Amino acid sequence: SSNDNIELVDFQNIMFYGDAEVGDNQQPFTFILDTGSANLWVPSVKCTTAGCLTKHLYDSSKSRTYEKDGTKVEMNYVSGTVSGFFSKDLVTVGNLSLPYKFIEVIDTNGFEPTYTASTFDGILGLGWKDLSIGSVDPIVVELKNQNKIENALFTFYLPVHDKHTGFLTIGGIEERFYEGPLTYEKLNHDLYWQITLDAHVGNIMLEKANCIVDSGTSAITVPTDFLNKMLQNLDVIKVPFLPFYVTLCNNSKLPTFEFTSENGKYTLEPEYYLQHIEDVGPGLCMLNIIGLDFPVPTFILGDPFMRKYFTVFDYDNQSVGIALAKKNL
């Protein structure tokens, strides 16, 4: 009905979070909404670590829909590890509710310093079942199976800093969120939001590259070889000890990413991957790009791509729909 959604709030023009609840008493948590994972976790009142002092914590004893599991789980992300045990309780996203298996986290030491530095309490996975720990049906799929929504799909309309808030819409496509044509790219993986695109950056290209559309990566990642070729004679300087590159914001050597399919063309101009850091010096920007090598040459089209392009994640049609995000409104 209409279209169920959760508001997306920009954090310092580099991350975005949405709020959902756990327990029949609707205990509120702030989440990274992560299309690149397939589990929900919240920090427990039983959490024994420094990071949890600054967070909204889940109290299973205060929920009468809580069902004990206790199966120990370690959740290993590329950027950190959280551990605890499975619990079952009511999960509410927008105005949609369902009983759900999630991880009750008691150790966040492996998630620092990012955890304490950030406003999110946990991570809400929007991936595929066979990627999940504990064989958990994805929230959006379950809601469709329960006839709580018209379609097993969700859309990302990211917030733009000082322009507009964003929305995760569950169960329907709103035309308000995108201008121009919506192009559907079929998945090249059984259990990941990953599509095939030719990647062109200036004179260098990777043919039929694996491209993950990842709401839960706050950067563009490119293969390390590709990045080394991109940055040759570009007048950019890497930060000592850190995989981040600094440039003059006005550096006209900075290239436009061009990603092409049989039916689509997506470009990402420097304004979409530049981060102003003028506290550090005059007219200096960081590139929101990092080198990351997968066994197959892979790009992560993270936050910076999804700031520019509205995205539809369709379980039933096993495709990602891409359209230019509407600027205002």
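Start at 1 with the first residue shown and count on from there.
*Asks:* Determine, for stretches 46 to 54 and 299 to 307, which one has the higher mean CA B-factor as deposited.
*Replies:* Per the PDB record, 46 to 54.
*Asks:* As stated in the PDB record, which stretch has the larger average Cα B-factor, 308 to 316 or 20 to 28?
*Replies:* Per the PDB record, 20 to 28.
*Asks:* For the CA B factor values reported in this entry, which option in 238, 229, 72, 253 has the top one?
*Replies:* Each of 238, 229, 72, 253 was compared by C-alpha B-factor; the highest is 72.
*Asks:* At the C-alpha atoms, which of 293, 34, 269, 279 reaches the highest B-factor in this entry?
*Replies:* The listed residue with the largest C-alpha B-factor is 279.
*Asks:* With respect to C-alpha B-factor, does residue 284 fall in the lowest, middle or highest third of the chain as deposited?
*Replies:* Its C-alpha B-factor, which the entry lists for residue 284, ranks in the highest third among residues of this chain.
*Asks:* Once the chain's modelled residues are ordered by C-alpha B factor and cut into thirds, is residue 118 in the lowest, middle or highest one?
*Replies:* Ranked within chain, residue 118 CA B lands in the middle tercile.
*Asks:* How does the C-alpha B factor of residue 214 compare with the rest of the chain: lowest, middle or highest third?
*Replies:* As the PDB entry reports it, the C-alpha B-factor of residue 214 lands in the lowest third of its chain.
*Asks:* Is residue 225 in the lowest, middle or highest third of its chain when residues are ranked by C-alpha B-factor?
*Replies:* Its C-alpha B-factor, which the entry lists for residue 225, ranks in the lowest third among residues of this chain.
*Asks:* Which third of the chain holds residue 249 when residues are ordered by C-alpha B factor: lowest, middle or highest?
*Replies:* Ranked within chain, residue 249 CA B lands in the lowest tercile.
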